[PDB]
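The structure under discussion appears below in the form of structure tokens.
For reference, chains read A, B, C, D, E, F, G and H in written order, and residue numbers begin at 1 within each chain.
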Amino acid sequence: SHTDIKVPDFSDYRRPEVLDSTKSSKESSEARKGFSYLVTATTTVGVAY
Amino acid sequence: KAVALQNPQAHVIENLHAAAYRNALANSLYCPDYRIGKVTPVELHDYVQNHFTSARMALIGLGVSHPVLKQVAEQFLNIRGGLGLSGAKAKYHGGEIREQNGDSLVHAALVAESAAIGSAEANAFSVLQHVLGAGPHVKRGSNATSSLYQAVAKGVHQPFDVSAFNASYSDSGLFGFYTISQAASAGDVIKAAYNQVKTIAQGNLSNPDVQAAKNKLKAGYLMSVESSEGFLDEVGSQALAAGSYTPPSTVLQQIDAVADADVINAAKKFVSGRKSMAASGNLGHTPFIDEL
Amino acid sequence: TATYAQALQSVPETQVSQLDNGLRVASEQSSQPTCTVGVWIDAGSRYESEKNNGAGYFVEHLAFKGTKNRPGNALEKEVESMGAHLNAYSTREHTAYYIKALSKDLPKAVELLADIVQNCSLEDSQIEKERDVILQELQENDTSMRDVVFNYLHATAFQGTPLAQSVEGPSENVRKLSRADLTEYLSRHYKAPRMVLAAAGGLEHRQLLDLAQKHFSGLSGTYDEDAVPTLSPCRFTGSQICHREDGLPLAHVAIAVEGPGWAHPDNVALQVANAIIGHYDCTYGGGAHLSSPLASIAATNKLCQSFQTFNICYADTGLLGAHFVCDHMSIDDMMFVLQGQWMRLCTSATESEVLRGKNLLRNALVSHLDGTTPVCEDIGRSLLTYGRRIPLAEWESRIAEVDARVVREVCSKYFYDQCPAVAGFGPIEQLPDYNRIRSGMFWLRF
Amino acid sequence: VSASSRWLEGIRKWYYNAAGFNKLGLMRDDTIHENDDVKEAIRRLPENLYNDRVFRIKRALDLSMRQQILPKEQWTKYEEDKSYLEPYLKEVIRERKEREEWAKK
Amino acid sequence: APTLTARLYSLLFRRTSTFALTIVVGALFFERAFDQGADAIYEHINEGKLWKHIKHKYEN
Amino acid sequence: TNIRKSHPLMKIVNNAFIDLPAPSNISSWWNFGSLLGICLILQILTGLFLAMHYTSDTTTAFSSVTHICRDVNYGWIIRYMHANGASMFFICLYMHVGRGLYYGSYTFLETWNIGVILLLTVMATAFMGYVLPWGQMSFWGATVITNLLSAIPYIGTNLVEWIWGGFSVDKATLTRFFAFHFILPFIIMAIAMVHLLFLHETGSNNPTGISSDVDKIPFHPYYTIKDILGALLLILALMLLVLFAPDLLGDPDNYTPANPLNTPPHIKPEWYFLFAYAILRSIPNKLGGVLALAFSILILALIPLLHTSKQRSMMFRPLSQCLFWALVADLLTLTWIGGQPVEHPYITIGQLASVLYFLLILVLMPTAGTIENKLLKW
Amino acid sequence: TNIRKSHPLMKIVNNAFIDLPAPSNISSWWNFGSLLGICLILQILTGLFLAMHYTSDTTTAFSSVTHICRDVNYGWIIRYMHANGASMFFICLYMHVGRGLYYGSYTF
Amino acid sequence: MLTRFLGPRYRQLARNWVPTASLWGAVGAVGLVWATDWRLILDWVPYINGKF
């Protein structure tokens, strides 16, 4: 069968902002994307210099 | 065509029409496989020039006024007149077509000449169809009221399915039954259904069941034409066939007018006529016409 | 002589009332002779834990199998005494039973429905038979690839929440469901505040109200103790799920993002945007002249057998995206063209395509509600989702206010630079990596 | 056959003979440059006209290879040159302009 | 939105043209800042040895 | 089966030189493509053997060439093969270009534009090569040509001093011109490979301008042997110059060492630049003449956009044929005026020829193509 | 549809660098082959800037190199980069060969 | 003779795409000034001016 399919628990790898299953993720998304893109921007600035 | 042939019912019904009739109604709805790519513009031009004419057309409208349609038709559809061909007549012959393809379930259909649409006997054949059974009215129902299903299920203890088949045209019609059953049990199912129709033909019929079938017929006919699509289709069919509109109330009166002896007469016409059978699947145990 | 606005204003209004036990009775008069009457319930798989998952589907199977007062297969015969069609369905958030019949059978038909949703006998032998049938259905459901892919999309998108659970539930749960669990489910979820009794056709509102007062006054609606199942927000996760089966001929793919929800103003704009993208099947007759760029490109280049767009709504969440069936050597092309069209909508939308999409949505809305069953379904879903039925005039008012700017802003909000959820089934070796799909959600030029 | 018409036709026949593609058995439409409109128009030609175009072009390429021309009897007469391709190309252009006009609105 | 990173994302990093503009401006200021810091550290480590430290003694 | 077709390396050779479908009727004017490659390989080999005995020091650059032509075993034959080979290179270049212009081959936009890049890089290479022997014409050629950048407003002098490496032409200019002249031919070879890469997508044009897919022949043995014959004729033309008139195309002043204090009175460029020299000096204005100089070459990039005729080749277009040969004779006029001193009446003749060049390219030929379209009633 | 997969020139780069299927578990030792690609180009760059100031005459070669070190602006950086790039190139080359020998890459 | 591109759709598209083109032009200008160390513009910038 296929309905027995169930994603294994990824909680050991998730960030602290999205650990709770009972909380909307749209609120924290901008912070996470902004952090990652800040890392990328800093790297680009250094390489450009 | 390939999409339409994913359903076994389409193939079986087309073969059944090929077997029953000889000239006119034997033509399939789809192109023969050999003739694909061979149809030329001259054939299309001839077909349209011969068949698309004023005396053979009807224009139905829902949501527009009468003068607008009348103006449009007078301006354009009148010049198309010049009525052409007339067509053949339906010749009934009967026969068998058996096509083995090694599928899980065996489909079969056994029919005979019944009647012409828009006739007194057509209502009797519709009532007989609903007496015998025309599919389930309840989700995952046992078909308790369906006489054919209960007759077959008493002996056969495997999954199966059966229903009554009816198809009326302007000059001829087919009445019978369609079965779906596993390869080993096909003969049992067909024999049981044929026996049940025979018992109905001999005279065993209860007036409560005739009334229940009449109520099923009335409910189905009324619920069919609730939508705009169904209403337009019914009006167009009546306009082409009879050239006049019959409101639902007259149809209901005609349905109630059918006498219970006419259903017995229809069963007698079925049981004593040249059968036509079509089948498909692992045909290792399906009977022939002579065996029935 | 008439007009579009005048025609919209002329539709009769739905009338709604509420009994003392909490039941809500809605109806809409019409001149047709037939009618459709049904009961909608706010209880699906989302209100089920792992212990009792699939209970609702099991109860729905046993609904038309006799009651205390119509034992055995008598009830079925009664329906077929009057030539009525008795049907039901269940989803992740709703359940419904309904009957199509004549006007004259409105007294009897309602008397059947109250029998069904109150006095489920649940014979043990019938429980065993339906257990076997449900096991057979679970085995046979693997043949439908579209439904498998949609279940995978739900499981990966809403992992770790009730929305991951499928309607039928796992095969292990159904083998252990007992009559105690089914009775507890019925006693907990089937209650008057969560039910809606809708009708539509040839009838009068007060007669239905009186019949409901006769046959539904026994339902309890006190919410015994704190047994008040309330939903909670569900976490959405961008992720991928891939089932590789190279033996199959075609690949099924479904990609989605998080949606606004049931009662958001944005939804109308999204329904316009999807209408711009459109849909295509290999049997369509338009060919290469179709308005949608994706459909025309797929038709000319034969990129896929079929595709479609969807916007599935739940309480405060949903899925918004596309699903296509294609060859195993065309997945990159289809994904590229689809994401390019989404970015085109986000960054640059013009007036003509938005007008076309608005006309499409108007026509679809008009044509969908034409009959008795769709109107009854509309009433039943509206009274549970919005708390009231929205007239078509309000829908026209909402649709007419959309323009290119609104579509651009909404699409930029919900599509641009978002983590999607992806599900693939079949020969999917050519499906791009998740990093490539993610990087295709923006443009360097913009 | 008036004053300016016979002078115009005289200059056109002069130019036609000066171009000299008739010396290779070619017709005017055989010499057109193949763009997308012309490839589509050529695609729409019936079997016989296509095969004649193919053989005429093949014979002209053979002559050009051998640096020869046909005898004077076999040159394409100016009055018998058939514009077999013109109506197809005209329809293809009309269709493309309709598409372009729809893309502006 | 209260968070600094959310403001940076919603203000600058959404588009790519603004991302590039931010990068070039950051490089422009970071060049001067880094040069001044490095020169200060190098001058402090080697105080009293460079030419500019002993320049005043000889030139009038 | 066949390893010539399946081996990863041999498939390129097969699909480029053996099984390539080619038109059956391409004339001798299609031979200059391969002759340009023969010339490029000749210059690479001869130049490499000249670099084994050359020093780019300003105090010894002149003497090293005499050491080559006097003491190195058969050094004279290598030196004058390299010098005369450059002239044969430019003959083949201008014939290749004129071929493509006459027969409408410019409608291959990518191939044409890469060709224009190849033309400019070969021009820079030959310009820098002439500076190495450090004669009088070497020095004043480097002075004038580098000073052309001074016409650019507000940055010109900075660009000039940056290229020179100083306040005047000196040792640093010669050393870097030697490095550029060494390395630039390999870049040219790579761009020539991209030239053929884009060409092979469509195949060749032919003299009639009509598609030839109905009549194709394999490249081997037909155009392999025809190209061998054409190569043998190129070797004949080169060796006639080298062995009977090695100084006919050169200038005598270059046999005098460089002198920064005096410029010769009759200074003229190499013959293959005189037409553009004539264009430049016909405009009495610095920036105007430099812009006209650049546009006299870059207009080739505009040639594809001015095609109006419904026929591709000029074979069936008499008016275009006449204007084409009026352009060839006008370029011969500009070359003649470029080789004469600045006096009456040569100034006015050179101005009229410069005006006629751009008038022909920009105005007359498109109008002729439109008149021709109207005459055929399409 | 996509110009990257159909352009004559970008198609080669797409098939060589962008869409190339590679194993998922190749360790850091597979990087050296790419590093040899970098170092070569580096030696072509820096060396090309040393040739603009070098003279091959035997009497003015040592002096020319010292002129590069002492007089050319930042010439010492270019000189010592070109000088140590050889050592870096040979370290990368021997690591490449050892990688090929250990993991049986010589079957190609 | 590109007269095919005169209609409502193209002016709408140009209106949509003007801001991004302006931002890319600004990026190019700032990059050129930073790369060339053009003192004429940079002397007016407050904190940068101290580096000269």
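Everything that follows uses one rule, which is that a contact is a pair of C-beta atoms (placed from the backbone, for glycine too) under 8 Å apart; a residue touches a chain by one contact, two chains touch by 3 or more.
Steps from subunit B to subunit D, minimised over paths through touching chains, total 3. Two chain pairs, A-C and C-E, are compared here, and A-C has more C-beta pairs in contact (counted per touch definition above).
Comparing the CA-atom centres of all chains against that of subunit E, the greatest distance is found for B. Computed from the mean C-alpha positions, the centre of subunit B lies at a distance of 34 Å from the centre of subunit C. Rounded to whole angstrom units, the spacing between the C-alpha centres of subunit C and subunit F is 72. Annotation: 51 Å between the Cα-based centres of subunit D and subunit H. Computed from the mean C-alpha positions, the centre of subunit A lies at a distance of 59 Å from the centre of subunit F. Counting only residues that touch two or more partner chains, subunit F has none. For subunit A, the set of residues touching two or more other chains reads 33. Residue positions of subunit H with contacts to 2 or more other chains are 8-9, 20.
Applying the touch definition to every pair of chains gives A-C, A-E, B-C, C-E, C-G, C-H, D-F, D-H, E-H, F-G.
Across the complex, subunit G meets subunit C through its residues 1-2.
Listed in rising order, the residues of subunit G touching subunit F in the complex are 8-9, 48, 51-57, 60. By the touch criterion given at the top, residues 1, 3, 5-10, 13, 19, 22-24, 26-27, 30-31, 34 of subunit E touch subunit A in their complex. Taken in their complex, subunit F has these residues touching subunit D: 23-25, 107, 206-212, 214-215, 309-312, 315-318, 372, 375-378.
Residues 55-57, 60, 172, 175-176, 178-179, 182-183, 194, 197-198, 201 of subunit F are the ones that touch subunit G when the two sit in their complex.
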